[PDB]
Amino acid sequence: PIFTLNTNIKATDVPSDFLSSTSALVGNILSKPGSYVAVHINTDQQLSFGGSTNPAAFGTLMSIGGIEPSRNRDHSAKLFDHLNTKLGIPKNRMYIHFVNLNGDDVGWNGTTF
Amino acid sequence: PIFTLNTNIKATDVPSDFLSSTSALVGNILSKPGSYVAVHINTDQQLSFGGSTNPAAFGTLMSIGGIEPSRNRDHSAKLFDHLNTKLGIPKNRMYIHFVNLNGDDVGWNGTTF
Amino acid sequence: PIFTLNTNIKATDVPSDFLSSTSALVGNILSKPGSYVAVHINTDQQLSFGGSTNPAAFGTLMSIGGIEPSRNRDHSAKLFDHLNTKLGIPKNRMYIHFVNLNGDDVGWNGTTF
């Protein structure tokens with residue numbers, strides 16, 4: 001799995017345990033081993049949400065399986081609570097695109113799944 | 001909707017009204033309220049187009065379209081003019097991936113559409 | 001085509017010819033002219049793989065044609081070999097999402113393809 005986020009907040013405002021806590025949450029919610037979980041946060045970005053440059057973010061959570069309509073609502077509740085808690089960004093100022101990948105479209109270790 | 005752009009131009013060359021003006025523009029072409037519009041630009045990126053590192057950019061415009069047409073050609077013309085007039089970037093050196101999102105795959109305010 | 005990659009390695013650690021050789025390679029594997037190839041690398045990113053911030057990366061390769069289930073494993077072997085050589089990043093610490101694009105949803109110049 002990959003969780004990638006773009007935000008306008010400052011890097012110094014991302015806690016030291018952000019990558020670990022996010023890696024843990026992503027693996028636990030998608031039921032994937034932590035060794036396959038990648039987390040990325042791009043901070044200090046020029047980003048406007050709803051016409052304001054106040055703290056906001058948008059990102060994507062992609063994974064081969066574990067993601068589908070009948071599950072994204074729960075995924076969202078947990079991820080938004082987590083991000084609001086760690087970065088302090090309001091839940092109505094964040095978007096997350098959930099993507100269910102096909103193994104054949106994902107390269108890893110020089111091969112595909 | 002979300003409009004995110006990556007480009008190799010300097011951050012200083014981006015107009016201070018870019019975000020506000022791009023946000024209003026996006027809400028217009030997609031006929032979506034500004035309250036749901038997010039705009040993001042990542043500048044100073046190491047980006048080569050056609051083998052040269054001259055001014056160029058690539059991005060995505062995502063929105064939940066549902067039971068509606070495409071209009072990507074009209075969107076691209078209106079968007080490229082905007083980006084070209086505002087950033088001065090050559091239109092033949094910019095790609096824009098148009099993505100029609102399914103509400104169930106989009107997380108917002110701790111829930112999904 | 002567009003090959004965009006995010007990595008935690010330092011910007012100066014990216015060889016001056018990375019964009020050049022990568023552009024040539026992408027064009028080669030997809031049988032596409034270099035003039036339509038865009039390569040992007042976002043370095044110095046806060047990114048973990050398996051919870052570790054040791055060298056790692058993830059990216060996307062998108063193209064209107066050339067990307068298909070029957071072709072991506074060969075693309076992967078070639079791209080991972082190239083990235084591991086150029087960037088020194090272990091192959092089991094990189095992900096590449098292969099995306100085949102429809103010309104109808106790709107903006108260039110001022111219209112689509």
# chains A, B, ... in the order shown; residues from 1 in each chain; ligands from 1
$ interface_residues --of "chain C" --to "chain B" --cutoff "9 Å" --atoms "only C-alpha atoms" --output "PyMOL selection string"
chain C and resi 2+4+19-20+23-24+33-43+101+104-113
$ write_last_selection --atoms "N, CA and C atoms" --output "PDB file, in the first residue's frame"
ATOM      1  N   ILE C   2       4.424   9.971 -19.155  1.00  0.00           N
ATOM      2  CA  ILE C   2       4.910  10.674 -17.983  1.00  0.00           C
ATOM      3  C   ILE C   2       5.409   9.679 -16.948  1.00  0.00           C
ATOM      4  N   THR C   4       6.769   9.889 -13.186  1.00  0.00           N
ATOM      5  CA  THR C   4       6.922  10.800 -12.059  1.00  0.00           C
ATOM      6  C   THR C   4       7.277   9.961 -10.838  1.00  0.00           C
ATOM      7  N   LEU C  19      17.534  12.546 -15.616  1.00  0.00           N
ATOM      8  CA  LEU C  19      16.412  12.914 -16.477  1.00  0.00           C
ATOM      9  C   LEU C  19      16.619  12.466 -17.916  1.00  0.00           C
ATOM     10  N   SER C  20      17.827  12.677 -18.430  1.00  0.00           N
ATOM     11  CA  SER C  20      18.178  12.292 -19.789  1.00  0.00           C
ATOM     12  C   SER C  20      18.055  10.798 -20.060  1.00  0.00           C
ATOM     13  N   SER C  23      14.465   9.547 -19.557  1.00  0.00           N
ATOM     14  CA  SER C  23      13.601   9.967 -20.653  1.00  0.00           C
ATOM     15  C   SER C  23      13.826   9.033 -21.837  1.00  0.00           C
ATOM     16  N   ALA C  24      15.089   8.795 -22.168  1.00  0.00           N
ATOM     17  CA  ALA C  24      15.410   7.910 -23.279  1.00  0.00           C
ATOM     18  C   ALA C  24      14.844   6.513 -23.050  1.00  0.00           C
ATOM     19  N   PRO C  33       8.110   8.623 -28.994  1.00  0.00           N
ATOM     20  CA  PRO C  33       9.172   9.596 -29.259  1.00  0.00           C
ATOM     21  C   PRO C  33       9.504  10.436 -28.034  1.00  0.00           C
ATOM     22  N   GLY C  34      10.794  10.667 -27.825  1.00  0.00           N
ATOM     23  CA  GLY C  34      11.224  11.446 -26.682  1.00  0.00           C
ATOM     24  C   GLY C  34      10.498  12.766 -26.530  1.00  0.00           C
ATOM     25  N   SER C  35      10.114  13.372 -27.650  1.00  0.00           N
ATOM     26  CA  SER C  35       9.428  14.667 -27.633  1.00  0.00           C
ATOM     27  C   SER C  35       8.122  14.686 -26.831  1.00  0.00           C
ATOM     28  N   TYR C  36       7.547  13.514 -26.595  1.00  0.00           N
ATOM     29  CA  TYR C  36       6.301  13.424 -25.841  1.00  0.00           C
ATOM     30  C   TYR C  36       6.534  12.862 -24.436  1.00  0.00           C
ATOM     31  N   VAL C  37       7.794  12.621 -24.101  1.00  0.00           N
ATOM     32  CA  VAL C  37       8.130  12.064 -22.797  1.00  0.00           C
ATOM     33  C   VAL C  37       8.455  13.136 -21.770  1.00  0.00           C
ATOM     34  N   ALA C  38       7.820  13.025 -20.607  1.00  0.00           N
ATOM     35  CA  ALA C  38       8.040  13.944 -19.490  1.00  0.00           C
ATOM     36  C   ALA C  38       8.521  13.079 -18.338  1.00  0.00           C
ATOM     37  N   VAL C  39       9.591  13.508 -17.681  1.00  0.00           N
ATOM     38  CA  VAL C  39      10.133  12.779 -16.541  1.00  0.00           C
ATOM     39  C   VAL C  39      10.229  13.743 -15.378  1.00  0.00           C
ATOM     40  N   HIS C  40       9.786  13.280 -14.214  1.00  0.00           N
ATOM     41  CA  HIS C  40       9.770  14.100 -13.021  1.00  0.00           C
ATOM     42  C   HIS C  40      10.219  13.332 -11.786  1.00  0.00           C
ATOM     43  N   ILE C  41      11.131  13.932 -11.028  1.00  0.00           N
ATOM     44  CA  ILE C  41      11.560  13.322  -9.782  1.00  0.00           C
ATOM     45  C   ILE C  41      11.505  14.367  -8.680  1.00  0.00           C
ATOM     46  N   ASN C  42      10.768  14.017  -7.640  1.00  0.00           N
ATOM     47  CA  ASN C  42      10.570  14.869  -6.471  1.00  0.00           C
ATOM     48  C   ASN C  42      11.415  14.236  -5.379  1.00  0.00           C
ATOM     49  N   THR C  43      12.544  14.861  -5.058  1.00  0.00           N
ATOM     50  CA  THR C  43      13.455  14.338  -4.043  1.00  0.00           C
ATOM     51  C   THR C  43      13.274  14.989  -2.676  1.00  0.00           C
ATOM     52  N   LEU C 101      -3.351   5.516 -20.315  1.00  0.00           N
ATOM     53  CA  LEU C 101      -4.253   6.659 -20.482  1.00  0.00           C
ATOM     54  C   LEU C 101      -5.042   6.637 -21.785  1.00  0.00           C
ATOM     55  N   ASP C 104      -8.631  10.753 -24.760  1.00  0.00           N
ATOM     56  CA  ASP C 104      -9.782  11.619 -24.470  1.00  0.00           C
ATOM     57  C   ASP C 104      -9.674  12.324 -23.123  1.00  0.00           C
ATOM     58  N   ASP C 105      -8.882  11.768 -22.217  1.00  0.00           N
ATOM     59  CA  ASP C 105      -8.723  12.400 -20.916  1.00  0.00           C
ATOM     60  C   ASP C 105      -7.300  12.882 -20.647  1.00  0.00           C
ATOM     61  N   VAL C 106      -6.619  13.288 -21.713  1.00  0.00           N
ATOM     62  CA  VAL C 106      -5.263  13.819 -21.620  1.00  0.00           C
ATOM     63  C   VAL C 106      -5.176  15.129 -22.383  1.00  0.00           C
ATOM     64  N   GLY C 107      -4.879  16.200 -21.657  1.00  0.00           N
ATOM     65  CA  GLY C 107      -4.767  17.507 -22.268  1.00  0.00           C
ATOM     66  C   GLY C 107      -3.342  17.863 -22.626  1.00  0.00           C
ATOM     67  N   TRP C 108      -3.168  18.383 -23.836  1.00  0.00           N
ATOM     68  CA  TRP C 108      -1.861  18.798 -24.330  1.00  0.00           C
ATOM     69  C   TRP C 108      -2.116  19.869 -25.381  1.00  0.00           C
ATOM     70  N   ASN C 109      -1.214  20.839 -25.465  1.00  0.00           N
ATOM     71  CA  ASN C 109      -1.372  21.928 -26.415  1.00  0.00           C
ATOM     72  C   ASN C 109      -2.580  22.782 -26.020  1.00  0.00           C
ATOM     73  N   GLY C 110      -3.786  22.311 -26.321  1.00  0.00           N
ATOM     74  CA  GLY C 110      -4.967  23.083 -25.974  1.00  0.00           C
ATOM     75  C   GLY C 110      -6.221  22.250 -26.073  1.00  0.00           C
ATOM     76  N   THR C 111      -6.039  20.992 -26.462  1.00  0.00           N
ATOM     77  CA  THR C 111      -7.145  20.053 -26.607  1.00  0.00           C
ATOM     78  C   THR C 111      -6.644  18.730 -26.047  1.00  0.00           C
ATOM     79  N   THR C 112      -7.297  17.638 -26.429  1.00  0.00           N
ATOM     80  CA  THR C 112      -6.904  16.311 -25.980  1.00  0.00           C
ATOM     81  C   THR C 112      -6.287  15.534 -27.143  1.00  0.00           C
ATOM     82  N   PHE C 113      -6.171  14.218 -26.988  1.00  0.00           N
ATOM     83  CA  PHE C 113      -5.602  13.368 -28.030  1.00  0.00           C
ATOM     84  C   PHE C 113      -6.670  12.504 -28.695  1.00  0.00           C
TER      85      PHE C 113
END
$ calpha_fit_rmsd --fixed "chain B" --moving "chain C"
1.5 Å
$ atom_distance --atom1 "atom CA of residue 12 of chain A" --atom2 "atom CA of residue 9 of chain C"
18.7 Å
$ select_by_dssp --residues "segment 5-68 of chain C" --states "helix (DSSP H, G or I)" --output "PyMOL selection string"
chain C and resi 11-13+18-30+34-36
$ write_last_selection --atoms "N, CA, C and O atoms" --output "PDB file, in the first residue's frame"
ATOM      1  N   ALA C  11      18.475  15.602  -3.146  1.00  0.00           N
ATOM      2  CA  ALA C  11      18.422  16.115  -4.509  1.00  0.00           C
ATOM      3  C   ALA C  11      19.767  16.040  -5.235  1.00  0.00           C
ATOM      4  O   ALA C  11      19.820  15.718  -6.421  1.00  0.00           O
ATOM      5  N   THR C  12      20.855  16.330  -4.527  1.00  0.00           N
ATOM      6  CA  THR C  12      22.183  16.303  -5.144  1.00  0.00           C
ATOM      7  C   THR C  12      22.654  14.890  -5.435  1.00  0.00           C
ATOM      8  O   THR C  12      23.594  14.687  -6.206  1.00  0.00           O
ATOM      9  N   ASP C  13      22.007  13.913  -4.816  1.00  0.00           N
ATOM     10  CA  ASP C  13      22.390  12.529  -5.036  1.00  0.00           C
ATOM     11  C   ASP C  13      21.810  11.985  -6.337  1.00  0.00           C
ATOM     12  O   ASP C  13      22.097  10.858  -6.730  1.00  0.00           O
ATOM     13  N   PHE C  18      20.257  11.795 -14.875  1.00  0.00           N
ATOM     14  CA  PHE C  18      19.091  10.988 -14.552  1.00  0.00           C
ATOM     15  C   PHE C  18      17.913  11.275 -15.485  1.00  0.00           C
ATOM     16  O   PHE C  18      17.354  10.357 -16.079  1.00  0.00           O
ATOM     17  N   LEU C  19      17.534  12.546 -15.616  1.00  0.00           N
ATOM     18  CA  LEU C  19      16.412  12.914 -16.477  1.00  0.00           C
ATOM     19  C   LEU C  19      16.619  12.466 -17.916  1.00  0.00           C
ATOM     20  O   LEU C  19      15.702  11.948 -18.544  1.00  0.00           O
ATOM     21  N   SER C  20      17.827  12.677 -18.430  1.00  0.00           N
ATOM     22  CA  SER C  20      18.178  12.292 -19.789  1.00  0.00           C
ATOM     23  C   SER C  20      18.055  10.798 -20.060  1.00  0.00           C
ATOM     24  O   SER C  20      17.372  10.373 -20.994  1.00  0.00           O
ATOM     25  N   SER C  21      18.748   9.996 -19.258  1.00  0.00           N
ATOM     26  CA  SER C  21      18.728   8.553 -19.441  1.00  0.00           C
ATOM     27  C   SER C  21      17.353   7.959 -19.162  1.00  0.00           C
ATOM     28  O   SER C  21      16.949   6.982 -19.788  1.00  0.00           O
ATOM     29  N   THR C  22      16.640   8.542 -18.210  1.00  0.00           N
ATOM     30  CA  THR C  22      15.316   8.032 -17.874  1.00  0.00           C
ATOM     31  C   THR C  22      14.344   8.345 -19.009  1.00  0.00           C
ATOM     32  O   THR C  22      13.515   7.511 -19.390  1.00  0.00           O
ATOM     33  N   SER C  23      14.465   9.547 -19.557  1.00  0.00           N
ATOM     34  CA  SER C  23      13.601   9.967 -20.653  1.00  0.00           C
ATOM     35  C   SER C  23      13.826   9.033 -21.837  1.00  0.00           C
ATOM     36  O   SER C  23      12.884   8.524 -22.435  1.00  0.00           O
ATOM     37  N   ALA C  24      15.089   8.795 -22.168  1.00  0.00           N
ATOM     38  CA  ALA C  24      15.410   7.910 -23.279  1.00  0.00           C
ATOM     39  C   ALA C  24      14.844   6.513 -23.050  1.00  0.00           C
ATOM     40  O   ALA C  24      14.269   5.904 -23.954  1.00  0.00           O
ATOM     41  N   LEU C  25      14.996   6.009 -21.829  1.00  0.00           N
ATOM     42  CA  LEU C  25      14.517   4.680 -21.491  1.00  0.00           C
ATOM     43  C   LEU C  25      13.001   4.561 -21.556  1.00  0.00           C
ATOM     44  O   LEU C  25      12.468   3.565 -22.023  1.00  0.00           O
ATOM     45  N   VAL C  26      12.306   5.567 -21.044  1.00  0.00           N
ATOM     46  CA  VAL C  26      10.865   5.532 -21.063  1.00  0.00           C
ATOM     47  C   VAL C  26      10.406   5.519 -22.507  1.00  0.00           C
ATOM     48  O   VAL C  26       9.577   4.695 -22.896  1.00  0.00           O
ATOM     49  N   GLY C  27      10.969   6.416 -23.312  1.00  0.00           N
ATOM     50  CA  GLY C  27      10.603   6.452 -24.712  1.00  0.00           C
ATOM     51  C   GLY C  27      10.847   5.094 -25.353  1.00  0.00           C
ATOM     52  O   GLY C  27      10.011   4.598 -26.102  1.00  0.00           O
ATOM     53  N   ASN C  28      11.983   4.476 -25.049  1.00  0.00           N
ATOM     54  CA  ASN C  28      12.301   3.171 -25.619  1.00  0.00           C
ATOM     55  C   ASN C  28      11.343   2.047 -25.260  1.00  0.00           C
ATOM     56  O   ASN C  28      10.827   1.358 -26.138  1.00  0.00           O
ATOM     57  N   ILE C  29      11.081   1.854 -23.973  1.00  0.00           N
ATOM     58  CA  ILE C  29      10.201   0.769 -23.584  1.00  0.00           C
ATOM     59  C   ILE C  29       8.749   0.909 -24.048  1.00  0.00           C
ATOM     60  O   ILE C  29       8.052  -0.085 -24.218  1.00  0.00           O
ATOM     61  N   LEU C  30       8.298   2.146 -24.261  1.00  0.00           N
ATOM     62  CA  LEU C  30       6.921   2.403 -24.680  1.00  0.00           C
ATOM     63  C   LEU C  30       6.804   2.677 -26.177  1.00  0.00           C
ATOM     64  O   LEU C  30       5.695   2.891 -26.694  1.00  0.00           O
ATOM     65  N   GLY C  34      10.794  10.667 -27.825  1.00  0.00           N
ATOM     66  CA  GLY C  34      11.224  11.446 -26.682  1.00  0.00           C
ATOM     67  C   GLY C  34      10.498  12.766 -26.530  1.00  0.00           C
ATOM     68  O   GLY C  34      10.278  13.228 -25.414  1.00  0.00           O
ATOM     69  N   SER C  35      10.114  13.372 -27.650  1.00  0.00           N
ATOM     70  CA  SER C  35       9.428  14.667 -27.633  1.00  0.00           C
ATOM     71  C   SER C  35       8.122  14.686 -26.831  1.00  0.00           C
ATOM     72  O   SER C  35       7.645  15.750 -26.434  1.00  0.00           O
ATOM     73  N   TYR C  36       7.547  13.514 -26.595  1.00  0.00           N
ATOM     74  CA  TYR C  36       6.301  13.424 -25.841  1.00  0.00           C
ATOM     75  C   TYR C  36       6.534  12.862 -24.436  1.00  0.00           C
ATOM     76  O   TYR C  36       5.584  12.670 -23.674  1.00  0.00           O
TER      77      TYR C  36
END
$ select_by_dssp --residues "chain C" --states "strand (DSSP E)" --output "MDAnalysis selection string"
chainID C and resid 2:7 38:42 46:49 57:63 94:100 106:108
$ atom_distance --atom1 "atom CA of residue 14 of chain C" --atom2 "atom CA of residue 103 of chain A"
29.1 Å
$ atom_distance --atom1 "atom CA of residue 32 of chain B" --atom2 "atom CA of residue 66 of chain B"
12.8 Å
